[PDB]
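Undergrad: Attaching a single structure in C-alpha coordinates format; questions to follow.
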Amino acid sequence: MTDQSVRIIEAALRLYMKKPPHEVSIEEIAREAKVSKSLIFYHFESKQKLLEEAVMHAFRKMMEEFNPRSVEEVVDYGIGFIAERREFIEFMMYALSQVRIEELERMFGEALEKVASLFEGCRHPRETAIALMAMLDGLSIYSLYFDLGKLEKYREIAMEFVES
Amino acid sequence: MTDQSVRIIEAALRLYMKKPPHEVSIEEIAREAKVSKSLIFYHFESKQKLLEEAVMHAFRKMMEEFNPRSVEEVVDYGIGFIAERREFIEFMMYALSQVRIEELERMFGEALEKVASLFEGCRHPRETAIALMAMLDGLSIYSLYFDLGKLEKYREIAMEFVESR
(Lines give C-alpha, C1' and ligand atoms only; values in the text may rest on other atoms or scores of the structure.)
Protein backbone atom coordinates (compact mmCIF):
# COMPACT_ATOMS: atom_id res chain seq x y z
CA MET A 1 0.00 0.00 0.00
CA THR A 2 0.70 3.78 -0.26
CA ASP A 3 2.94 5.67 2.35
CA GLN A 4 -0.09 7.91 3.16
CA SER A 5 -2.56 4.96 3.67
CA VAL A 6 0.03 3.18 6.01
CA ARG A 7 0.44 6.35 8.17
CA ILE A 8 -3.40 6.77 8.42
CA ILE A 9 -3.78 3.05 9.48
CA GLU A 10 -0.92 3.28 12.05
CA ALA A 11 -2.30 6.59 13.45
CA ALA A 12 -5.82 4.98 13.63
CA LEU A 13 -4.48 1.76 15.35
CA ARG A 14 -2.56 3.96 17.86
CA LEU A 15 -5.94 5.78 18.73
CA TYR A 16 -8.01 2.47 18.67
CA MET A 17 -5.47 1.05 21.19
CA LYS A 18 -6.33 3.89 23.69
CA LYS A 19 -10.14 4.39 23.30
CA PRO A 20 -13.28 2.43 22.00
CA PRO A 21 -12.85 2.21 18.12
CA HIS A 22 -16.28 3.75 17.28
CA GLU A 23 -15.55 6.79 19.55
CA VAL A 24 -12.39 7.71 17.42
CA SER A 25 -13.23 10.44 14.83
CA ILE A 26 -11.66 11.29 11.41
CA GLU A 27 -10.42 14.69 12.94
CA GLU A 28 -8.50 12.70 15.67
CA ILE A 29 -6.98 10.29 13.07
CA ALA A 30 -6.01 13.33 10.85
CA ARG A 31 -4.36 15.07 13.89
CA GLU A 32 -2.52 11.83 14.92
CA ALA A 33 -1.45 11.00 11.26
CA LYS A 34 -0.31 14.73 10.66
CA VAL A 35 -2.55 14.88 7.49
CA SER A 36 -5.84 16.56 6.38
CA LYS A 37 -9.37 15.09 6.65
CA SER A 38 -9.71 15.28 2.74
CA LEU A 39 -6.67 12.92 2.33
CA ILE A 40 -8.16 10.30 4.79
CA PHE A 41 -11.45 10.40 2.77
CA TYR A 42 -9.45 9.95 -0.50
CA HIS A 43 -8.05 6.58 0.87
CA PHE A 44 -10.98 5.42 3.05
CA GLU A 45 -14.83 5.62 2.34
CA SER A 46 -15.71 6.18 6.12
CA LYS A 47 -14.65 5.65 9.83
CA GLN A 48 -15.94 2.03 9.57
CA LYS A 49 -14.18 1.23 6.29
CA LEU A 50 -10.86 2.58 7.84
CA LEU A 51 -11.47 0.48 11.02
CA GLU A 52 -11.96 -2.76 8.98
CA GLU A 53 -8.79 -2.07 6.93
CA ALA A 54 -6.84 -1.24 10.17
CA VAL A 55 -8.20 -4.49 11.85
CA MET A 56 -7.22 -6.70 8.83
CA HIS A 57 -3.75 -4.92 8.73
CA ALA A 58 -3.17 -5.55 12.52
CA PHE A 59 -4.19 -9.24 12.15
CA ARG A 60 -2.13 -9.70 8.87
CA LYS A 61 1.06 -8.49 10.73
CA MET A 62 0.21 -10.59 13.87
CA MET A 63 -0.15 -13.98 11.93
CA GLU A 64 3.07 -13.25 9.92
CA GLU A 65 4.86 -12.55 13.29
CA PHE A 66 3.48 -15.82 15.10
CA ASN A 67 6.11 -18.53 14.34
CA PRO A 68 6.70 -20.31 17.72
CA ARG A 69 9.89 -22.48 17.50
CA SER A 70 8.83 -24.32 20.80
CA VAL A 71 5.78 -25.17 23.02
CA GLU A 72 7.31 -22.90 25.78
CA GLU A 73 7.39 -19.95 23.25
CA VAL A 74 3.51 -20.47 22.75
CA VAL A 75 3.01 -20.09 26.60
CA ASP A 76 5.27 -16.93 26.51
CA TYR A 77 3.20 -15.45 23.64
CA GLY A 78 -0.07 -16.21 25.58
CA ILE A 79 1.22 -14.77 28.92
CA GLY A 80 2.71 -11.76 26.96
CA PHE A 81 -0.81 -10.96 25.58
CA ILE A 82 -2.41 -11.22 29.13
CA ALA A 83 0.33 -8.78 30.41
CA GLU A 84 -0.74 -6.08 27.79
CA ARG A 85 -2.63 -2.87 28.76
CA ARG A 86 -6.45 -3.54 29.16
CA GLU A 87 -7.31 -1.29 26.20
CA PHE A 88 -4.97 -3.37 23.88
CA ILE A 89 -6.77 -6.65 24.98
CA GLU A 90 -10.24 -5.04 24.46
CA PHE A 91 -9.26 -3.62 21.05
CA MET A 92 -8.10 -7.11 19.87
CA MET A 93 -11.42 -8.65 21.13
CA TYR A 94 -13.54 -5.99 19.33
CA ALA A 95 -11.26 -6.51 16.20
CA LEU A 96 -12.37 -10.27 16.14
CA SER A 97 -16.04 -9.11 15.88
CA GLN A 98 -15.11 -6.81 12.84
CA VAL A 99 -13.73 -9.80 10.69
CA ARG A 100 -15.66 -12.38 8.51
CA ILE A 101 -16.28 -15.83 10.26
CA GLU A 102 -14.35 -17.62 7.34
CA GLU A 103 -11.31 -15.25 7.79
CA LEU A 104 -11.46 -15.90 11.66
CA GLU A 105 -11.61 -19.74 10.99
CA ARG A 106 -8.59 -19.43 8.53
CA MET A 107 -6.41 -17.62 11.15
CA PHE A 108 -7.31 -20.09 13.95
CA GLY A 109 -6.46 -23.05 11.59
CA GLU A 110 -3.06 -21.52 10.66
CA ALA A 111 -2.30 -20.88 14.42
CA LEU A 112 -3.52 -24.39 15.54
CA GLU A 113 -1.45 -26.05 12.66
CA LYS A 114 1.74 -24.37 14.09
CA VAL A 115 0.83 -25.18 17.77
CA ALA A 116 -0.25 -28.84 17.09
CA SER A 117 3.04 -29.30 15.06
CA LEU A 118 5.06 -28.26 18.24
CA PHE A 119 3.10 -31.12 20.06
CA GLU A 120 4.03 -33.74 17.23
CA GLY A 121 4.66 -37.03 19.08
CA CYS A 122 2.07 -36.27 21.91
CA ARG A 123 -1.12 -38.51 22.40
CA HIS A 124 -3.59 -36.01 20.68
CA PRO A 125 -1.42 -33.07 19.20
CA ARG A 126 -4.44 -31.14 17.79
CA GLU A 127 -6.64 -31.56 20.96
CA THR A 128 -3.71 -30.62 23.39
CA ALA A 129 -2.89 -27.54 21.19
CA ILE A 130 -6.59 -26.47 21.32
CA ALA A 131 -6.75 -27.09 25.18
CA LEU A 132 -3.58 -24.86 25.72
CA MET A 133 -4.88 -22.06 23.43
CA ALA A 134 -8.37 -22.25 25.14
CA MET A 135 -6.72 -21.75 28.58
CA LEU A 136 -4.50 -18.82 27.41
CA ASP A 137 -7.56 -17.13 25.66
CA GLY A 138 -9.79 -17.82 28.70
CA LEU A 139 -7.24 -16.20 31.09
CA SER A 140 -7.07 -13.05 28.80
CA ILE A 141 -10.94 -12.71 28.95
CA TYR A 142 -10.78 -13.26 32.80
CA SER A 143 -8.07 -10.54 33.15
CA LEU A 144 -10.64 -7.97 31.93
CA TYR A 145 -12.91 -8.84 35.02
CA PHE A 146 -10.56 -9.92 37.96
CA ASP A 147 -6.99 -9.20 39.21
CA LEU A 148 -5.62 -12.71 38.31
CA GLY A 149 -2.55 -12.20 40.57
CA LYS A 150 1.14 -12.82 39.75
CA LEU A 151 1.18 -13.65 35.93
CA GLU A 152 4.47 -15.69 36.45
CA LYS A 153 2.33 -18.19 38.56
CA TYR A 154 0.15 -18.77 35.40
CA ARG A 155 3.36 -19.09 33.27
CA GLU A 156 4.65 -21.80 35.71
CA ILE A 157 1.26 -23.70 35.68
CA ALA A 158 1.14 -23.48 31.81
CA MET A 159 4.77 -24.82 31.59
CA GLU A 160 3.97 -27.66 34.17
CA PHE A 161 0.96 -28.60 31.93
CA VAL A 162 3.10 -28.26 28.67
CA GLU A 163 5.99 -30.69 29.61
CA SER A 164 4.14 -33.66 31.14
CA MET B 1 -42.64 -15.00 43.28
CA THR B 2 -45.95 -17.06 42.74
CA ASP B 3 -46.60 -20.50 41.03
CA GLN B 4 -48.12 -18.67 37.93
CA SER B 5 -44.88 -16.54 37.74
CA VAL B 6 -42.55 -19.66 37.97
CA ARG B 7 -44.71 -21.50 35.22
CA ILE B 8 -44.23 -18.36 32.98
CA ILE B 9 -40.44 -18.13 33.70
CA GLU B 10 -39.84 -21.92 33.07
CA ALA B 11 -41.97 -21.74 29.85
CA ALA B 12 -40.03 -18.56 28.79
CA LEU B 13 -36.64 -20.30 29.68
CA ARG B 14 -37.63 -23.41 27.55
CA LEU B 15 -38.26 -21.02 24.53
CA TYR B 16 -35.10 -18.89 25.26
CA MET B 17 -32.90 -22.12 25.13
CA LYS B 18 -34.25 -23.08 21.59
CA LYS B 19 -34.05 -19.64 19.73
CA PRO B 20 -32.60 -16.03 20.16
CA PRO B 21 -34.15 -14.53 23.41
CA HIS B 22 -35.26 -11.19 21.80
CA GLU B 23 -36.99 -13.15 18.98
CA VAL B 24 -39.38 -15.00 21.52
CA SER B 25 -42.82 -13.22 21.84
CA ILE B 26 -45.36 -12.77 24.73
CA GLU B 27 -47.81 -14.88 22.54
CA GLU B 28 -45.28 -17.85 22.30
CA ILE B 29 -44.57 -17.77 26.10
CA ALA B 30 -48.42 -17.68 26.76
CA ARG B 31 -48.89 -20.74 24.42
CA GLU B 32 -45.88 -22.57 25.99
CA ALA B 33 -47.01 -21.77 29.60
CA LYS B 34 -50.77 -22.68 28.85
CA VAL B 35 -51.88 -19.18 30.05
CA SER B 36 -53.36 -15.93 28.60
CA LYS B 37 -51.26 -12.82 27.57
CA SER B 38 -53.57 -11.19 30.28
CA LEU B 39 -51.91 -13.41 33.01
CA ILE B 40 -48.32 -12.76 31.55
CA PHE B 41 -48.85 -8.91 31.54
CA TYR B 42 -50.50 -9.13 35.02
CA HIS B 43 -47.08 -10.50 36.38
CA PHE B 44 -44.46 -8.89 34.02
CA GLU B 45 -44.12 -5.30 32.62
CA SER B 46 -42.62 -6.44 29.26
CA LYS B 47 -40.64 -9.16 27.29
CA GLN B 48 -37.35 -7.59 28.54
CA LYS B 49 -38.41 -7.57 32.27
CA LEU B 50 -39.45 -11.30 31.90
CA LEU B 51 -36.10 -12.08 30.15
CA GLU B 52 -34.08 -10.47 33.04
CA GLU B 53 -36.09 -12.33 35.72
CA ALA B 54 -35.73 -15.62 33.75
CA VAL B 55 -31.89 -15.02 33.44
CA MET B 56 -31.59 -14.39 37.27
CA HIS B 57 -33.71 -17.53 37.97
CA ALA B 58 -31.46 -19.63 35.60
CA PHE B 59 -28.29 -18.40 37.35
CA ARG B 60 -29.76 -18.73 40.94
CA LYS B 61 -30.59 -22.45 40.20
CA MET B 62 -27.09 -22.90 38.52
CA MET B 63 -25.03 -21.69 41.55
CA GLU B 64 -27.10 -23.57 44.20
CA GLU B 65 -26.63 -26.84 42.10
CA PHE B 66 -22.75 -26.31 41.59
CA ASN B 67 -21.24 -28.12 44.63
CA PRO B 68 -18.35 -30.25 43.17
CA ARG B 69 -17.11 -32.78 45.80
CA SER B 70 -13.91 -33.46 43.71
CA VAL B 71 -11.57 -31.77 41.11
CA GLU B 72 -12.78 -34.60 38.71
CA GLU B 73 -16.44 -33.41 39.13
CA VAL B 74 -15.35 -29.82 38.14
CA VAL B 75 -13.88 -31.28 34.85
CA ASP B 76 -17.14 -33.39 34.32
CA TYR B 77 -19.31 -30.26 34.90
CA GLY B 78 -17.27 -28.22 32.31
CA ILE B 79 -17.27 -31.03 29.67
CA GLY B 80 -21.04 -31.56 30.42
CA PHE B 81 -21.73 -27.90 29.49
CA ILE B 82 -19.68 -28.11 26.18
CA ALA B 83 -21.72 -31.31 25.31
CA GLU B 84 -25.05 -29.26 25.59
CA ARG B 85 -27.05 -28.18 22.50
CA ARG B 86 -25.55 -25.02 20.76
CA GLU B 87 -28.59 -22.86 21.56
CA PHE B 88 -28.35 -23.76 25.33
CA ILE B 89 -24.68 -22.54 25.34
CA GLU B 90 -25.62 -19.35 23.34
CA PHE B 91 -28.48 -18.55 25.76
CA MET B 92 -26.13 -18.88 28.78
CA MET B 93 -23.57 -16.65 26.92
CA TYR B 94 -26.27 -13.96 26.31
CA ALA B 95 -27.52 -14.42 30.00
CA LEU B 96 -24.03 -13.28 31.25
CA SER B 97 -24.42 -10.01 29.22
CA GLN B 98 -27.93 -9.33 30.85
CA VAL B 99 -26.49 -9.44 34.51
CA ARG B 100 -24.98 -6.55 36.56
CA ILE B 101 -21.08 -6.76 36.65
CA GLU B 102 -21.15 -6.95 40.53
CA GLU B 103 -23.61 -9.98 40.39
CA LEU B 104 -21.26 -11.66 37.77
CA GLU B 105 -18.15 -11.00 40.03
CA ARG B 106 -20.08 -12.46 43.12
CA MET B 107 -20.98 -15.72 41.17
CA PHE B 108 -17.41 -16.22 39.88
CA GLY B 109 -16.03 -15.66 43.45
CA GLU B 110 -18.36 -18.29 45.01
CA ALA B 111 -17.55 -20.79 42.10
CA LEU B 112 -13.74 -20.06 42.43
CA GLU B 113 -13.92 -20.47 46.29
CA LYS B 114 -15.37 -23.99 45.79
CA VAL B 115 -12.88 -24.97 42.98
CA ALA B 116 -9.79 -23.46 44.83
CA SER B 117 -10.88 -25.37 48.05
CA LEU B 118 -10.73 -28.70 46.03
CA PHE B 119 -6.96 -27.99 45.22
CA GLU B 120 -6.04 -27.47 49.02
CA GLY B 121 -2.60 -29.16 48.78
CA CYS B 122 -1.05 -28.01 45.41
CA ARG B 123 1.57 -25.18 45.08
CA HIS B 124 -0.90 -22.49 43.79
CA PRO B 125 -4.63 -23.37 44.67
CA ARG B 126 -6.45 -20.09 43.55
CA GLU B 127 -4.38 -19.69 40.29
CA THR B 128 -4.67 -23.48 39.38
CA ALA B 129 -8.48 -23.24 39.91
CA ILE B 130 -8.63 -20.06 37.66
CA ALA B 131 -6.40 -21.80 34.97
CA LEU B 132 -8.73 -24.91 34.88
CA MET B 133 -11.97 -22.77 34.70
CA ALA B 134 -10.32 -20.56 31.95
CA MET B 135 -9.63 -23.74 29.87
CA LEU B 136 -13.22 -25.12 30.35
CA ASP B 137 -14.79 -21.68 29.46
CA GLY B 138 -12.37 -21.16 26.55
CA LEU B 139 -13.31 -24.60 25.12
CA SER B 140 -17.09 -23.75 25.43
CA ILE B 141 -16.58 -20.43 23.43
CA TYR B 142 -14.45 -22.41 20.85
CA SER B 143 -17.22 -25.11 20.53
CA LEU B 144 -19.50 -22.37 19.11
CA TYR B 145 -16.93 -21.66 16.27
CA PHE B 146 -15.96 -25.36 15.45
CA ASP B 147 -16.32 -29.18 15.89
CA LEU B 148 -13.84 -29.67 18.79
CA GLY B 149 -14.23 -33.50 18.24
CA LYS B 150 -14.64 -36.40 20.71
CA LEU B 151 -15.25 -34.45 24.01
CA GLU B 152 -13.72 -37.39 26.04
CA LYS B 153 -10.22 -36.40 24.54
CA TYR B 154 -10.69 -32.96 26.24
CA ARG B 155 -11.82 -34.72 29.51
CA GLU B 156 -8.56 -36.86 29.39
CA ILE B 157 -6.42 -33.65 28.76
CA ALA B 158 -8.22 -31.76 31.62
CA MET B 159 -7.58 -34.75 34.03
CA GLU B 160 -3.91 -35.02 32.86
CA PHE B 161 -3.64 -31.24 33.70
CA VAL B 162 -5.05 -31.94 37.25
CA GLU B 163 -2.52 -34.91 37.55
CA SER B 164 0.36 -32.47 36.47
CA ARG B 165 0.24 -30.40 39.78
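Ordering of the C-alpha coordinates sets the chain letters (A, B, ...); residue numbers start at 1 within each chain; ligands are numbered from 1 in the order shown.
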List as a Markdown table every residue of chain B that is in contact with chain A, defined as an atom at most 12 Å from one of its atoms (using only C-alpha atoms), together with the nearest atom pair and the distance in Å rounded to one decimal, sorted by chain and then rising number.
TA:
| residue | atom | partner | partner_atom | distance |
| --- | --- | --- | --- | --- |
| B:101 | CA | A:145 | CA | 8.6 |
| B:102 | CA | A:145 | CA | 10.1 |
| B:104 | CA | A:145 | CA | 9.2 |
| B:105 | CA | A:145 | CA | 7.6 |
| B:106 | CA | A:146 | CA | 11.1 |
| B:108 | CA | A:146 | CA | 9.5 |
| B:109 | CA | A:146 | CA | 9.6 |
| B:112 | CA | A:146 | CA | 11.5 |
| B:122 | CA | A:157 | CA | 10.9 |
| B:123 | CA | A:157 | CA | 9.5 |
| B:124 | CA | A:153 | CA | 7.5 |
| B:125 | CA | A:153 | CA | 10.6 |
| B:126 | CA | A:148 | CA | 9.1 |
| B:127 | CA | A:154 | CA | 6.7 |
| B:128 | CA | A:157 | CA | 7.0 |
| B:129 | CA | A:157 | CA | 10.6 |
| B:130 | CA | A:139 | CA | 7.8 |
| B:131 | CA | A:135 | CA | 6.4 |
| B:132 | CA | A:135 | CA | 7.3 |
| B:133 | CA | A:138 | CA | 8.1 |
| B:134 | CA | A:138 | CA | 4.3 |
| B:135 | CA | A:135 | CA | 3.8 |
| B:136 | CA | A:135 | CA | 7.5 |
| B:137 | CA | A:138 | CA | 6.4 |
| B:138 | CA | A:134 | CA | 4.4 |
| B:139 | CA | A:134 | CA | 5.5 |
| B:140 | CA | A:134 | CA | 8.8 |
| B:141 | CA | A:134 | CA | 8.6 |
| B:142 | CA | A:134 | CA | 7.4 |
| B:143 | CA | A:134 | CA | 10.4 |
| B:144 | CA | A:101 | CA | 11.5 |
| B:145 | CA | A:105 | CA | 7.7 |
| B:146 | CA | A:105 | CA | 8.4 |
| B:147 | CA | A:127 | CA | 11.2 |
| B:148 | CA | A:127 | CA | 7.8 |
| B:149 | CA | A:127 | CA | 8.3 |
| B:150 | CA | A:127 | CA | 9.4 |
| B:151 | CA | A:127 | CA | 9.6 |
| B:152 | CA | A:127 | CA | 10.5 |
| B:153 | CA | A:127 | CA | 7.0 |
| B:154 | CA | A:127 | CA | 6.8 |
| B:155 | CA | A:131 | CA | 10.1 |
| B:156 | CA | A:128 | CA | 9.9 |
| B:157 | CA | A:128 | CA | 6.7 |
| B:158 | CA | A:131 | CA | 8.1 |
| B:159 | CA | A:161 | CA | 10.7 |
| B:160 | CA | A:161 | CA | 8.1 |
| B:161 | CA | A:161 | CA | 5.6 |
| B:162 | CA | A:161 | CA | 8.7 |
| B:163 | CA | A:161 | CA | 9.1 |
| B:164 | CA | A:161 | CA | 6.0 |
| B:165 | CA | A:160 | CA | 7.3 |
Undergrad: Enumerate, as JSON, numbers by chain, the complete set of residues in region 3-152 of chain A that a backbone-based DSSP assignment places in alpha helix (DSSP H).
TA: {"A": [3, 4, 5, 6, 7, 8, 9, 10, 11, 12, 13, 14, 15, 16, 17, 18, 26, 27, 28, 29, 30, 31, 32, 33, 37, 38, 39, 40, 41, 42, 43, 47, 48, 49, 50, 51, 52, 53, 54, 55, 56, 57, 58, 59, 60, 61, 62, 63, 64, 71, 72, 73, 74, 75, 76, 77, 78, 79, 80, 81, 82, 86, 87, 88, 89, 90, 91, 92, 93, 94, 95, 96, 97, 101, 102, 103, 104, 105, 106, 107, 108, 109, 110, 111, 112, 113, 114, 115, 116, 117, 118, 125, 126, 127, 128, 129, 130, 131, 132, 133, 134, 135, 136, 137, 138, 139, 140, 141, 142, 143, 151, 152]}
Undergrad: Would you mind reading off the distance between CA of residue 69 (chain A) and CA of residue 118 (chain A), one decimal, in Å?
TA: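 About the pair CA of residue 69 (chain A) and CA of residue 118 (chain A): they are 7.6 Å apart.
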Undergrad: Near residue 110 (chain B), within 12 Å and counting only C-alpha atoms, which residues show up once chain neighbours fewer than 3 positions away are dropped, as a PyMOL selection string?
TA: chain B and resi 62-64+66-67+103-107+113-117
Undergrad: Skip region 96-98 of chain B itself and residues of its chain fewer than 3 positions away, then list as a PDB file with N, CA, C and O atoms, in the first residue's frame all residues within 8 Å of it, counting only C-alpha atoms.
TA:
ATOM      1  N   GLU B  52     -34.992 -10.749  31.897  1.00  0.00           N
ATOM      2  CA  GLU B  52     -34.080 -10.469  33.039  1.00  0.00           C
ATOM      3  C   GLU B  52     -34.356 -11.360  34.239  1.00  0.00           C
ATOM      4  O   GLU B  52     -33.417 -11.919  34.799  1.00  0.00           O
ATOM      5  N   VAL B  55     -33.378 -14.959  33.405  1.00  0.00           N
ATOM      6  CA  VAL B  55     -31.893 -15.017  33.443  1.00  0.00           C
ATOM      7  C   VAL B  55     -31.403 -15.178  34.900  1.00  0.00           C
ATOM      8  O   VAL B  55     -30.592 -16.101  35.160  1.00  0.00           O
ATOM      9  N   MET B  92     -26.964 -19.163  27.580  1.00  0.00           N
ATOM     10  CA  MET B  92     -26.128 -18.885  28.778  1.00  0.00           C
ATOM     11  C   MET B  92     -25.106 -17.746  28.541  1.00  0.00           C
ATOM     12  O   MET B  92     -24.953 -16.897  29.415  1.00  0.00           O
ATOM     13  N   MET B  93     -24.546 -17.679  27.331  1.00  0.00           N
ATOM     14  CA  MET B  93     -23.575 -16.647  26.919  1.00  0.00           C
ATOM     15  C   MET B  93     -24.247 -15.257  26.956  1.00  0.00           C
ATOM     16  O   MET B  93     -23.694 -14.317  27.532  1.00  0.00           O
ATOM     17  N   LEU B 104     -22.162 -10.749  38.528  1.00  0.00           N
ATOM     18  CA  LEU B 104     -21.259 -11.662  37.766  1.00  0.00           C
ATOM     19  C   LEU B 104     -19.966 -11.937  38.578  1.00  0.00           C
ATOM     20  O   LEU B 104     -19.528 -13.085  38.661  1.00  0.00           O
TER      21      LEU B 104
END
Undergrad: Measuring between only C-alpha atoms, which one of A:9, A:112, A:129, A:107 shows the shortest distance to residue 63 (chain A)?
TA: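 Closest residue, counting only C-alpha atoms: A:107.
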